[PDB]
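K.L.:
Here it is: the structure, laid out below.
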């Protein structure tokens, strides 16, 4: 349907959007910033996390009564902690992380240990 | 350079790769499969977690210096808990999650809460 | 560059904007309206407070260096408590306050107590 | 009338001028200086504050007896805390603060939350 | 004049606007969503209440109400509690409610029981 | 169908009509007049409440709800308390209330706080 989420909760430290059709699918972003000591000098570390929550229905064609709904919680969380000062290397790590996750996802969502895949640093294109 | 990572350790439910150039940037995948109870039925739920860890040098934009060993730790983790049966909706949720994360990342890595982004469902 | 600030948070009686380039320079406005008792009558008093906060790099005049991350916090706050009924005299007092502040600022930011300034009433 | 204030109290840390006509309108400046630690080096922080106090009369045309005065305290305070070392950025912050306050003042003095205004950094002219 | 209200209080659950001229007349919207068990099915029930509050003066001819002491509180409130899922029947009920309110509105405000009116279902 | 409601209960203070097809959907009007002290003047305050009650069924596709057990209660209520003497300002408040309700009506019934709307005084 490609309908965009509508916002529900603002806190200056979190944001909480919701699917207007299904209230069971939430999308939150939490950003926390504080000073850390990197070697000789202090920097500003920003732990972001992005949590998407859903509750799809568990359906077994011969077994699941449609009247009594059977739902399952599913969640995808992503934490990103590094300094704003060095966000260049933060993002360079993010790209490699996302690409390697993509390499693994087909194995992971099927409950299989991704024993074959080979990750990479500094992914180009 | 795109020198791909080298496997270093496999034990239990974990896999651990490392950058052959520096030992500081590593990549782990943990997988925990077990039965979940949802309503009257039980389904096999998989908990994947993918953890990339680095310890880079802090590189200030204005500055340029090969003599600083100023280092911080950085980490990006992604957890995915969902049944194998609904892996269709799990992957749809993953696509939507990745797209919304991309919408937000330029604000999030800069310490700004993404006030202006528009998250979507069922990206196409 | 005069890149205007971006709204980031609205809650209660506060508004919070931020510089889209660095998250360190923010701008808040708090507004508290409630009844005040002055003599036999009561009037609606407004307490505005406008707080601009920054965390800039310390820039020494003689020096020039892109490799220092020496940072201090700086803050400028302005509070205005007065009834809505006398907002005429409130604004007149605000004009006089701003003009006298301007008379003093070159001494005050330099650590010098403005011994030589001449504050006025009803600036024209 | 454009009559300038006359000085009443000197303390080496405060200054207190008064309107010779109305003693109820005071103007004080407090300057406090002390060393702070900015990152690697110590600097001299100077917390200035400028407080103007007044007591205008509350007048309701049909209601306020002229014989019994009804007065209200009103106050405008301004705190400025930063190092003398970095007074360049202190003043660059002051200008933006003053301009944004000007954007808001019409809404603020009328008891309205300035929900429309848009502030700015590095205001030019 | 039809000057429109301006915003005073935001709570993520409550919104409160005020008349910029008269602070006595306010308008709040409160919303509360939570699950509810209808038979054997859980649905998300939303209860929205809309409260407009005012403080008119009691006008007596021959009495110059200096100080505006003779003053009355008046309030109009509207509660709407129903499933987001059955929001269709909720809106049908709202239309029928508004129309029947309009049938009674002249009698009720004059302190008289609207014995004469005849309400309707499914106004068209 | 726009079949109009028919009368069920009369109380001299309460009126209760019902849908002749569905006894679950009812419509009551309650009125209470009594004196009130505004400042130094007593005026006759009338509080009218208008309560429409319904019982929709929770429609789940794939579930033939034989016996109609999955059923929900929904209610829309409106309270109007003010002087008969200031019924002019009461009616002005009612018009502004209805218009602002209409501004929020689509958001509120969907379970979403109407952060975007802007209410008005003195709609014309």
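K.L.:
At negative phi and either surrounded by fewer than 16 Cβ atoms within 10 Å (Cβ to Cβ) or facing chain D (nearest Cβ under 7 Å) (or both), is that true of residue C:83?
P.N.:
Values: at negative phi: yes; either surrounded by fewer than 16 Cβ atoms within 10 Å (Cβ to Cβ) or facing chain D (nearest Cβ under 7 Å) (or both): yes.
It is true that residue C:83 is at negative phi and either surrounded by fewer than 16 Cβ atoms within 10 Å (Cβ to Cβ) or facing chain D (nearest Cβ under 7 Å) (or both).
K.L.:
Residue E:48 versus (1) farther than 19 Å from residue E:74 by Cβ; (2) out of contact with any helix residue (DSSP H, G or I) (no Cβ under 8 Å at 6 or more places or on another chain): which is the lone unmet condition?
P.N.:
Of the numbered conditions (1) farther than 19 Å from residue E:74 by Cβ; (2) out of contact with any helix residue (DSSP H, G or I) (no Cβ under 8 Å at 6 or more places or on another chain), the odd one out for residue E:48 is (2).
K.L.:
Would you confirm whether or not region B:57-66 contains a residue that is outside any loop (DSSP other than H, G, I, E, B) and out of contact with any strand residue (DSSP E or B) (no Cβ under 7 Å at 6 or more places or on another chain)? Write out each step before concluding.
P.N.:
Pass one, region B:57-66, residues outside any loop (DSSP other than H, G, I, E, B): B:57.
Those still in the list that are out of contact with any strand residue (DSSP E or B) (no Cβ under 7 Å at 6 or more places or on another chain) too: none.
No; the residues of region B:57-66 include none that is outside any loop (DSSP other than H, G, I, E, B) and out of contact with any strand residue (DSSP E or B) (no Cβ under 7 Å at 6 or more places or on another chain).
K.L.:
Among the residues of region C:86-96, which ones are surrounded by fewer than 22 Cβ atoms within 10 Å (Cβ to Cβ) and at the interface with chain D (Cβ under 7 Å from one of its Cβ atoms)?
P.N.:
If we filter region C:86-96 for residues that are surrounded by fewer than 22 Cβ atoms within 10 Å (Cβ to Cβ), which is where we start, we get C:87-89, C:91-92, C:95.
C:87, C:89, C:91, listed by residue number.
Residue-by-condition table, conditions (1) part of a strand (DSSP E or B); (2) touching a strand residue (DSSP E or B) at 6+ places or on another chain (Cβ under 7 Å); (3) closer than 18 Å to residue C:123 by Cα:
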position	(1), (2), (3)
D:2	no, yes, yes
D:9	yes, yes, no
D:17	yes, yes, yes
D:48	yes, yes, no
D:51	yes, yes, yes
D:59	no, no, no
D:65	no, no, no
D:69	no, yes, no
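K.L.:
Looking for something in contact with a strand residue (DSSP E or B) (Cβ under 9 Å, 6 or more places away or on another chain) and either free of Cβ contacts under 8 Å to residues at least 24 places away in the same chain or in a loop (DSSP other than H, G, I, E, B) (or both) - is there at least one such residue anywhere in region F:43-54?
P.N.:
Of all residues in region F:43-54, those in contact with a strand residue (DSSP E or B) (Cβ under 9 Å, 6 or more places away or on another chain) come to F:43-54.
Still in the list and also either free of Cβ contacts under 8 Å to residues at least 24 places away in the same chain or in a loop (DSSP other than H, G, I, E, B) (or both): none.
Looking for residues that are in contact with a strand residue (DSSP E or B) (Cβ under 9 Å, 6 or more places away or on another chain) and either free of Cβ contacts under 8 Å to residues at least 24 places away in the same chain or in a loop (DSSP other than H, G, I, E, B) (or both), one finds none in region F:43-54, hence no.
K.L.:
Assuming residue C:68 fulfils every condition listed in (1) within 30 Å of residue B:58 (Cβ to Cβ); (2) more than 7 Å from chain D (Cβ to nearest Cβ); (3) within 15 Å of the chain's Cα centre (by Cα) apart from one, which condition is it?
P.N.:
Only one criterion is unmet by residue C:68, namely (3).
K.L.:
Restricting to region F:113-124, name every residue that is crowded, with 22+ Cβ neighbours inside 10 Å and either in contact with a strand residue (DSSP E or B) (Cβ under 8 Å, 6 or more places away or on another chain) or without any contact (Cβ under 8 Å) to a residue 12 or more places away in the chain (or both). Reasoning before the result, please.
P.N.:
Going residue by residue through region F:113-124, those that are crowded, with 22+ Cβ neighbours inside 10 Å are F:113, F:119, F:121.
Matches in region F:113-124: F:113, F:119.
K.L.:
Related question: Which ones in region B:27-59 are more than 30 Å from residue A:69 (Cβ to Cβ) and surrounded by fewer than 19 Cβ atoms within 10 Å (Cβ to Cβ)?
P.N.:
Initially, region B:27-59 is screened for residues more than 30 Å from residue A:69 (Cβ to Cβ), giving B:27-30, B:50-59.
Residues satisfying the conditions are B:28, B:30, B:51, B:53, B:55, B:57, B:59.
K.L.:
Taking the condition of being part of a helix (DSSP H, G or I) and either more than 7 Å from chain E (Cβ to nearest Cβ) or on the phi > 0 side of the Ramachandran plot (or both), how many residues in region F:104-124 meet it?
P.N.:
Matching residues across region F:104-124 total 2.
K.L.:
Moving to a separate point now. Taking region E:1-20, which residues are surrounded by fewer than 18 Cβ atoms within 10 Å (Cβ to Cβ), facing chain F (nearest Cβ under 8 Å), in contact (Cβ under 8 Å) with a residue 12 or more places away in the chain and closer than 17 Å to residue C:14 by Cβ?
P.N.:
Answer for region E:1-20, where residues must be surrounded by fewer than 18 Cβ atoms within 10 Å (Cβ to Cβ), facing chain F (nearest Cβ under 8 Å), in contact (Cβ under 8 Å) with a residue 12 or more places away in the chain and closer than 17 Å to residue C:14 by Cβ: just E:13.
K.L.:
Here's a follow-up. Report yes if some residue within region A:32-45 is out of contact with any helix residue (DSSP H, G or I) (no Cβ under 7 Å at 6 or more places or on another chain) and at positive phi; otherwise report no.
P.N.:
Quick first cut of region A:32-45, residues out of contact with any helix residue (DSSP H, G or I) (no Cβ under 7 Å at 6 or more places or on another chain) only: A:32-45.
Then keep just the ones that are at positive phi; that gives A:39.
Among the residues of region A:32-45, at least one is out of contact with any helix residue (DSSP H, G or I) (no Cβ under 7 Å at 6 or more places or on another chain) and at positive phi, which makes the answer yes.
K.L.:
For a quick check of your reading of the model, give me the residue pairs whose first member lies in region A:1-22 and is more than 14 Å from chain C (Cβ to nearest Cβ), whose second is surrounded by fewer than 15 Cβ atoms within 10 Å (Cβ to Cβ) and outside any strand (DSSP E or B), with beta-carbon atoms closer than 6 Å and at least 6 apart or on different chains.
P.N.:
From region A:1-22, the pairs are A:1/B:122; A:2/B:122; A:2/B:124; A:4/B:118.
K.L.:
Take region D:9-33 and flag every residue that is surrounded by 15 or more Cβ atoms within 10 Å (Cβ to Cβ) and more than 21 Å from residue C:94 (Cα to Cα).
P.N.:
D:33, the sole residue that qualifies.
K.L.:
Here is a further query. Would it be correct to say that residue D:57 is surrounded by 15 or more Cβ atoms within 10 Å (Cβ to Cβ), facing another protein chain (nearest Cβ under 9 Å) and over 30 Å from residue C:41 (Cβ atoms)? Show your work before the answer.
P.N.:
Details: surrounded by 15 or more Cβ atoms within 10 Å (Cβ to Cβ): yes; facing another protein chain (nearest Cβ under 9 Å): yes; over 30 Å from residue C:41 (Cβ atoms): no.
In short, no.
Matching residues to (1) within 7 Å of chain C (Cβ to nearest Cβ); (2) over 21 Å from residue E:4 (Cα atoms); (3) surrounded by fewer than 22 Cβ atoms within 10 Å (Cβ to Cβ):
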residue	(1), (2), (3)
D:76	yes, yes, no
D:79	yes, yes, yes
D:85	yes, yes, no
D:88	yes, yes, yes
D:96	yes, yes, no
D:102	no, yes, yes
D:111	yes, no, no
D:117	no, no, yes
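K.L.:
Quick one: how many residues across region A:34-47 are more than 7 Å from every other protein chain (Cβ to nearest Cβ) and surrounded by fewer than 15 Cβ atoms within 10 Å (Cβ to Cβ)?
P.N.:
3
K.L.:
For region C:21-41, which positions are without any contact (Cβ under 8 Å) to a residue 40 or more places away in the chain and facing chain D (nearest Cβ under 9 Å)?
P.N.:
The answer is C:21, C:25, C:27, C:29, C:31, C:39, C:40, C:41.
K.L.:
Which of (1) more than 8 Å from chain F (Cβ to nearest Cβ); (2) in a strand (DSSP E or B); (3) under 23 Å from residue F:49 (Cβ atoms) does residue E:99 not meet, given it meets every other one?
P.N.:
(2)
Since every read-out is calculated from the coordinates, none of them should be taken as a lab result. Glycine gets a Cβ as well: all are built from the backbone with ideal geometry, and neighbour counts include every protein chain shown.
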